[PDB]
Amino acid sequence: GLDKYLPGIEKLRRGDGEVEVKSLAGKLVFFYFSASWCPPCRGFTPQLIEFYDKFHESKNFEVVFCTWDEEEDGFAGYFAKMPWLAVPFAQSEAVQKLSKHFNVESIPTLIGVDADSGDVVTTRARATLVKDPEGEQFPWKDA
């Protein structure tokens, strides 16, 4: 499923180490496009962390940080503040291609896909999450 979005990437960062992309089986996967330099990201990130801590297990999803930072030691200090996963900085090319695939023109953006089928579930989770903190309408399915 996730082969389409992250061609040939087999591992993702988690805290200080990594995890196999295989460990995402069965989950809804949210790609989070953000950067340390982005002003509206600052306010949205804590809202996403709150939702994630409350619901990642019970609503069975994962978040994968897809960085738009272009400085290496930017990224790392920035991802250290997040509880979820990240595309490794060295694989920024995959992130750029993913961003184009989903027509992400601005950040923050949050796109949810089904790990197993690859189907896109929601492209507007950044807007809907802020209006639905208790996830009553999760996963905010696209028309």
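So that there is no doubt, residue numbering starts at 1 and follows the sequence shown. Rigid core (definition): largest C-alpha set, two forms, superposition within 1.5 Å.
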| 110-118 against 72-80 - segment lying farther from this form in 4 other deposited structures of this protein (CA RMS, rigid core fit) | 72-80
| request: Decide which of the stretches 127-135 and 17-25 has the higher mean C-alpha B-factor, going by the entry. | output: 17-25
| note | The stretch whose C-alpha atoms carry the larger average B-factor in the entry, 73-81 or 98-106, is 73-81
| Between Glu93, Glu62, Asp53, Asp114, which one tops the list for C-alpha B-factor in the PDB entry? | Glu93
| Which third, lowest, middle or highest, does the CA B-factor of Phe31 fall in along this chain? | lowest
| note | Binned into thirds over the chain's modelled residues, the C-alpha B-factor of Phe89 lands in the highest
